[PDB]
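S.K.: Protein chains in written order, with the authors' numbering: chain N, 37 to 158; chain D, 2 to 375; chain B, 2 to 375; chain C, 3 to 375; chain 5, 52 to 73; chain W, 1 to 50; chain X, 4 to 50.
All residues carry an ideal CB built from backbone N, CA and C; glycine is no exception.
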Ligand SMILES: Nc1ncnc2c1ncn2[C@@H]1O[C@H](COP(=O)(O)OP(=O)(O)O)[C@@H](O)[C@H]1O
Ligand SMILES: Nc1ncnc2c1ncn2[C@@H]1O[C@H](COP(=O)(O)OP(=O)(O)O)[C@@H](O)[C@H]1O
Ligand SMILES: Nc1ncnc2c1ncn2[C@@H]1O[C@H](COP(=O)(O)OP(=O)(O)O)[C@@H](O)[C@H]1O
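1) Taking DSSP as the reference, what is the three-state secondary structure of residue 49 (chain D)?
2) Answer with buried or exposed for residue 4 (chain W), where buried requires no fewer than 16 other C-beta atoms within 10 angstroms of its C-beta.
3) Considering just the uninterrupted stretch of the beta strand (DSSP E) at residue 136 (chain C), what are its terminal residues?
4) Is the CB-CB distance between residue 1 (chain D) and residue 182 (chain D) below 8 angstroms?
5) Under 8 angstroms between C-beta atoms, does residue 108 (chain N) make it to chain B?
6) Any heavy atom of ligand 2 closer than 7 angstroms to the Cβ of residue 132 (chain B)?
7) Mind checking whether the beta-carbon of residue 254 (chain D) lies closer than 7 angstroms to any heavy atom of ligand 1?
8) Does ligand 3 have a heavy atom nearer than 7 angstroms to the CB of residue 118 (chain C)?
9) Express the C-alpha separation of residue 152 (chain N) and residue 143 (chain N) in angstroms, rounding to a whole number.
10) Who pairs with residue 41 (chain D) in a beta bridge, going by DSSP?
11) Note down, one range per segment and in chain order, each beta strand (DSSP E) of at least 3 residues found wholly within the region 213-292 of chain C.
12) Taking only heavy atoms of ligand 3 into account, decide whether any of them is closer than 7 angstroms to the Cβ of residue 153 (chain C).
13) Is there at least one Cβ from chain X nearer than 8 angstroms to residue 2 (chain W)'s Cβ?
14) Pick out whichever of 167 (chain B), 54 (chain B), 316 (chain B), 188 (chain B) has its Cα sitting closest to the Cα of residue 69 (chain B).
15) So if I threshold CB-CB distances at 7 angstroms, which residues from the region 14-28 of chain X count as touching chain W?
16) Figure out for me which residue from 332 (chain D), 310 (chain D), 193 (chain D) has the closest Cα to the Cα of residue 206 (chain D).
17) For residue 267 (chain C), go through chain B and note every residue whose CB falls closer than 7 angstroms to its CB, in chain order.
18) So does residue 233 (chain B) have its beta carbon nearer than 7 angstroms to some heavy atom of ligand 3?
19) Sorry if obvious, but does the Cβ on residue 41 (chain 5) come closer than 7 angstroms to a heavy atom of ligand 1?
20) Considering only heavy atoms of ligand 1, does any lie closer than 7 angstroms to the CB of residue 313 (chain D)?
21) Taking 8 angstroms as the CB-CB limit, is residue 43 (chain N) close to chain 5?
22) Does any C-beta atom of chain X lie closer than 8 angstroms to the C-beta of residue 8 (chain W)?
23) Closer than 8 angstroms by beta-carbon distance: list the chain B residues that pair up with residue 40 (chain D), in chain order.
24) List the residues of chain N whose Cβ lies closer than 9 angstroms to the Cβ of residue 330 (chain B), in chain order.
25) Taking residue 40 (chain D) as the reference, which of 372 (chain C), 371 (chain C), 270 (chain C) has the closest Cα?
26) Distance cutoff 8 angstroms, beta carbons only. Does residue 102 (chain D) sit that close to anything in chain 5?
27) I want to check one thing, is the minimum distance from the CB of residue 185 (chain C) to the heavy atoms of ligand 3 below 7 angstroms?
28) Less than 8 angstroms between the beta carbons of residue 294 (chain D) and residue 321 (chain D), yes or no?
29) Residue 261 (chain D): buried (16+ other C-beta within 10 angstroms of its C-beta) or exposed?
30) Do we get a CB-CB distance below 8 angstroms when we pair residue 114 (chain N) with the residues of chain B?
31) Near residue 2 (chain C), what residues of its chain come up, given a Cβ to Cβ distance below 7 angstroms and the 5 sequence neighbours on each side ignored?
32) Could you please tell me which residues of the region 140-167 of chain B, in chain order, have their CB closer than 8 angstroms to any CB of chain N?
33) In whole angstroms, what is the alpha-carbon distance linking residue 132 (chain N) and residue 52 (chain D)?
34) How about residue 64 (chain D) and residue 143 (chain B): do their beta carbons lie closer than 8 angstroms?
35) So, under 8 angstroms CB-CB, residue 240 (chain D) and residue 216 (chain D) are touching, yes? Tell me the CB distance rounded to an integer number of Å.
36) Could you check if residue 339 (chain D) is buried or exposed, using at least 16 other CB atoms within 10 Å of its CB as the buried criterion?
Right, dumping it as structure tokens:
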């Protein structure tokens, strides 16, 4: 991509971002090793929201409310908001974090969510 | 690893930039806006978001009421300041704030409670081990690479000048004109009413700002450009609104930044930026004016209008005695100069002593910054 | 208690559609018509019964006068609504309403007493433990599956346009226009008079409505279609009356829906549906319009005429700027979309918090609907 | 003596006209142009194409009614020419070729509008002189004090200007587009809540009449809502032109409350009291004390009963305690914009202000920016 | 990255399309 | 026209439909070649102006 | 399993392929216009 190397700012940021995404993928795969799940791509797999709920169930140690059954966008927003509400109830300070940000698939927001859940559940 | 890289955060009225010490460029650059929804949600189960910080607010402009936490270089609202600082540390950077030192920048003349509040917030809330606060126009000299010159830094908040001769800064020659880019945005909004285009809401001020950034320039000779604009229609441009409407900017392109040089358009009786620079020169001593004429440095995003360097050179050449030569040094990366020199400040080996330690804050309160910084 | 499944009931002006939550299609669809004895003589077929409700009334048209309980989305006769609801609960779904929650629909701009009387009647005469009142055009967007767009609904009683951006509805941009299928039916009677055929009574109204539902289409170009129809008899089609004779409508098959695009045929000075949608888009902010142009959603049984989508797209493309991209989303199942999204809305896990309890009604009276619902 | 000039006030809702030096306008009529809707089957009737002024208001049923001025901007110019022709030849029976003409304009608007008026009045009407003045300056003239802040509100535009000792501050001029027509549309939208339906342009006049007769500004809003919800003593009855009887009730004070809370209309702008306080605060420090005690109301929209007490209370809440607030609301304020104009054309030095015919012929229609403020 | 570059004055983040006028 | 056949008109419409599909295919390949050429030219100009 | 159902399926598939083709074509056209719009100014700046 020529536009990627067009500016010296975002090329450097994504140079860091790719390595951070690899590291976060290894970290989540270890905790998802016990459950029959795997994170092939961090952006595409978390769009559904069920898999992040399974991560929360492994990490916290207590059960979560079960996801609603559906195929449309509203159901995915519901599943993401369930996990975000559980994280909010655990007194984990999340700001500028919305369900539609995860569903649309913003890179920085997904990485920030993974970094926050790494730091606050350690 | 031993020494760890200290992150620098440049906060201004317009944009917030952040990045590590050794990097040539900031990690992340984003506007300093906090948004909140005005309407009421109607569908059950999208998800809750009380506030929008940064570029998410800029994406959803037409549904929020945008708010700026910094007014004229002073932090008016602090809860918003923890919002931007948390979004900087935990989202744009993905670093733990408690394992790094932090460098921050501020205006020269400002209330002391501002400095005390930033120190208290950086120590009590984010648990930063050390911090430092620096003047922006001092860091512009580090970015420039010379130890002798006068800096005029014009941001979105303020326009301040400072002379430094061989590493010694003269505090009585520092001037802080309150003219900036947001006033020019308001003036552009006022003069677009003449052609019939109305821009009122806070979400539409961003559109006006983009029009200002794209189709504005500083005329070399104002009255001759007035005559040319009244003669023909060669210097007319067309802008494309987000909804598909087309506007014709015409004459106003060189009437917005001309308010920098003649503040009587905005009702202020203060002198222009060129006369402010000249007065800051003449407030210094006799023997150092010759060196200061040859090292005038521009900084800040507001000085990115095309042709501003030539206009400043012509005006100062008119004011100064004719026997000396005047060169305006305007680097093509002045917008990040305040950042860039700051990065150089975090790489020096002698700077490790100047950090405000956590123990010093614990034993002396937040007023330690008035002794340690500047 | 997952066995307790709520009931989704849409009370349209022409037809009522009821079903269970979590299903793809409504179980019962029947017109809302109350038939009462004529005054010419005693009836042949009924004894102690006072009136006929539903398809039983529709079959016995020759001895009954037919009344619509909904007039322009307003419940004129509340006892008729009790009869309709009783027939729906006891004769079509065959379930006791005491054990199930009820979800209902409503037009946007209504008298405020409509919701209050609906809630009071439901709670007192059916003893439902929980209920909720929703607005139809939000349910249409739920059925379509997106959270951003403009909904232009046209039922049998009213037409209304509402924009939604990311689930926030804009109440100041909602437009309501009184143009639906009943006025089209009356105009069809008026334009079927000059061919020779005459229709006066309510049974004739049902016959004309049946003709309209099967014979009318929207012309792409009105003058070109008029010239084509005057040129030859290619467009003519034949219909069989219940008496036995065959009629031939000919030209006026595309003249009936043209009142939706030119209301001056009906004598009213309002605008067409395309102008209404464009005005509703212009009432929103500048930024979100680009989304609202791309996600125009059609709904309602009145928009079932073929050729409506291309005509509406052509008209809006004429009105809108050339740069902008316009597409019209017309689902093939749109006639029941107002029901379908309701079946979605009762299935969501958050919506269980949004029900109106029997206890809350008991303390707060019928005014709880304004605070609990939108 | 010299010929008395004609003072013509072009408002968004009504047009007023009269002779300079009089204490009252001589012709007042709505600025509405109507056109026929249905078809005429009677042969031998009138074949007039456009109804204008009070004649259009006389027959509303068979006409579609339009306003040539909306939001202080002229959108249709043929209708404006018809309005001015009916004002000159019919309402006053004067010859425009021998009378100077004074015109009235909102502070901030499109520039070209000014040129068009000049280009019309020198060309079609052949006046020897003309002038254009801002509304609020004339209102301050009719107030009788040199120093004060003028807040004006009509059917198209609300604007506040400060003037200290005859010197205006151009950077402190504030304009807001919330006006009487917005209140009429909001009253229509809120009268939909009770089941009453009004849709056509003819019914907007009915709603405007209802608003003028039965609306007042409540001193306290939440207390008034509680009072209106608790009892039915606040209801009033109105009679429709076809004999129907309607009951307004709670909608009497909710419509004017939209002037102070623009979030009712979806606008994010501030209220009129906040606009006045912000226009005061933009001025210099010294001249604020005189501006706090010399607030002047003007325009028809400020004729709601109880507007002065609410404005004084809100401004006193915003202002510091040691300053005192005086709201000046003359009882004839609806015509103040006219009356000061009738003063201004009678002055001795204003004979040196006129834009002559020769000056326009020499320097084209762009001369109006050099002479008029 | 600063420690490698001699002159941050002569530094480019983008072409910037300077000097477009006239 | 009084004399017409439904089969023939349907058949002509099928002809026009395949012509539309083919036209859109040359349109797509047309524009892909155009955008690649313009992108390469812009990149070369940017490098040499830098 | 006969020829007429195959005819209906074939023409329906062809129609939706054609519609997707104009959608992709018009989006690509607008992107092309933007790219050329950007490049021409760069050439003028070189001069
Ligand atoms: N390309 C440009 N041309 C002209 N003015 C600009 C340009 N980019 C930004 N500006 C002005 O500069 C301001 C940003 O300056 P900046 O250096 O970010 O201020 P600070 O960093 O102190 O917040 C904006 O408000 C805008 O008005
Ligand atoms: N197949 C059809 N073609 C055209 N119009 C139809 C068709 N079926 C129903 N309609 C029209 O739709 C109306 C019923 O609309 P409906 O969906 O009941 O509106 P509501 O939103 O009030 O439920 C009927 O009066 C009829 O005029
Ligand atoms: N007695 C009244 N009480 C309340 N409002 C009034 C009254 N008379 C007029 N108005 C309002 O003022 C408007 C007329 O203002 P007007 O002075 O004609 O404005 P302008 O002349 O500047 O266009 C009307 O639309 C009406 O809403």
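M.R.: Put simply:
1) Locating residue 49 (chain D) in the second chain gives position 48, counting from the first residue. Residue 49 (chain D) falls in the coil class under three-state DSSP.
2) Numbered from 1 along the sixth chain, position 4 holds the residue referred to as residue 4 (chain W). Looking at its Cβ environment, which holds fewer than 16 other Cβ atoms inside 10 Å, residue 4 (chain W) is exposed.
3) Looking up residue 136 (chain C) in the fourth chain gives position 134. Here the beta strand (DSSP E) through residue 136 (chain C) covers 131-136.
4) In the structure as shown, chain D begins at 2 and stops at 375. Residue 1 (chain D) is therefore absent and cannot be evaluated.
5) In the first chain, the residue the question calls residue 108 (chain N) occupies position 72. Taking Cβ atoms only, chain B reaches closer than 8 angstroms to residue 108 (chain N), which makes this a yes.
6) As a position in the third chain, residue 132 (chain B) is number 131, starting the count at 1. No; taking the cut-off as 7 angstroms, the Cβ of residue 132 (chain B) has no heavy atom of ligand 2 nearer than that.
7) Against the second chain, residue 254 (chain D) aligns to sequence position 253. No; taking the cut-off as 7 angstroms, the Cβ of residue 254 (chain D) has no heavy atom of ligand 1 nearer than that.
8) Translated into the one-based positions of the fourth chain, residue 118 (chain C) becomes position 116. The answer is no for residue 118 (chain C).
9) In the first chain, the residue the question calls residue 143 (chain N) occupies position 107. In the first chain, the residue the question calls residue 152 (chain N) occupies position 116. Their Cα atoms are separated by approximately 14 angstroms.
10) On the second chain, residue 41 (chain D) is found 40 positions in, with the first residue counted as 1. Paired residues: 170 (chain B).
11) 239-241, 247-249
12) The sequence position of residue 153 (chain C) within the fourth chain is 151, counting from 1. Incorrect: residue 153 (chain C) has no Cβ contact closer than 7 angstroms to ligand 3.
13) The residue given as residue 2 (chain W) occupies position 2 in the sixth chain. With 8 angstroms as the cut-off, residue 2 (chain W) does not count as an interface residue toward chain X.
14) Taking the third chain and counting its residues from 1, the one referred to as residue 69 (chain B) is at position 68. For the residues 167 (chain B), 54 (chain B), 316 (chain B), 188 (chain B), the minimum Cα distance to residue 69 (chain B) belongs to 54 (chain B).
15) 14, 17, 18, 20, 21, 24, 25, 27, 28
16) As a working note, residue 206 (chain D) is residue 205 in the second chain. Residue 193 (chain D) is the option with its Cα nearest to residue 206 (chain D).
17) Against the fourth chain, residue 267 (chain C) aligns to sequence position 265. Per Cβ cutoff of 7 angstroms: 173.
18) Indexing the third chain from 1 puts residue 233 (chain B) at position 232. Because no heavy atom of ligand 3 lies under 7 angstroms away, the Cβ of residue 233 (chain B) does not count as near it: no.
19) Any question about residue 41 (chain 5) goes unanswered here, given that chain 5 covers just 52 to 73.
20) Along the second chain, one-based indexing puts residue 313 (chain D) at 312. No, ligand 1 has no heavy atom inside 7 angstroms of this Cβ.
21) Position 7 of the first chain, counting from 1, holds the residue named residue 43 (chain N). Output row for residue 43 (chain N): interface = yes.
22) As a working mapping, residue 8 (chain W) is identified with position 8 in the sixth chain. No, residue 8 (chain W) lies away from the interface with chain X (no Cβ there is under 8 angstroms from its Cβ).
23) The sequence position of residue 40 (chain D) within the second chain is 39, counting from 1. Correct list: 169, 170, 171, 172.
24) On the third chain, residue 330 (chain B) is found 329 positions in, with the first residue counted as 1. Within chain N, no residue comes near residue 330 (chain B); the closest Cβ sits about 14 angstroms away, beyond 9 angstroms.
25) Residue mapping note: residue 40 (chain D) aligns to position 39 of the second chain, counting from 1. Minimum Cα distance to residue 40 (chain D) is reached at 270 (chain C).
26) Looking up residue 102 (chain D) in the second chain gives position 101. False, the Cβ-Cβ gap to chain 5 never drops below 8 angstroms.
27) As a working note, residue 185 (chain C) is residue 183 in the fourth chain. Result yes, Cβ under 7 angstroms from ligand 3.
28) Residue 294 (chain D) sits at position 293 when you count from the first residue of the second chain. Residue 321 (chain D) sits at position 320 when you count from the first residue of the second chain. Yes, Cβ-Cβ distance for residue 294 (chain D) and residue 321 (chain D) is below 8 angstroms.
29) Within the second chain, the letter at position 260 stands for residue 261 (chain D). With 16 or more other Cβ atoms within 10 Å, it is buried.
30) Position 78 of the first chain, counting from 1, holds the residue named residue 114 (chain N). With 8 angstroms as the cut-off, residue 114 (chain N) counts as an interface residue toward chain B.
31) Limits of chain C in this structure are 3 at one end and 375 at the other, which puts residue 2 (chain C) out of reach.
32) 143, 146, 147, 148, 167
33) Against the first chain, residue 132 (chain N) aligns to sequence position 96. Against the second chain, residue 52 (chain D) aligns to sequence position 51. Residue 132 (chain N) and residue 52 (chain D): Cα-Cα distance of roughly 6 angstroms.
34) Along the second chain, read from residue 1 onward, the residue named residue 64 (chain D) stands at position 63. Along the third chain, read from residue 1 onward, the residue named residue 143 (chain B) stands at position 142. Not closer than 8 angstroms, so no.
35) Looking up residue 240 (chain D) in the second chain gives position 239. Looking up residue 216 (chain D) in the second chain gives position 215. Sure, about 6 angstroms apart at Cβ, within 8 angstroms.
36) In the second chain, residue 339 (chain D) corresponds to position 338, counting from 1. Per the 10 Å Cβ criterion, buried.
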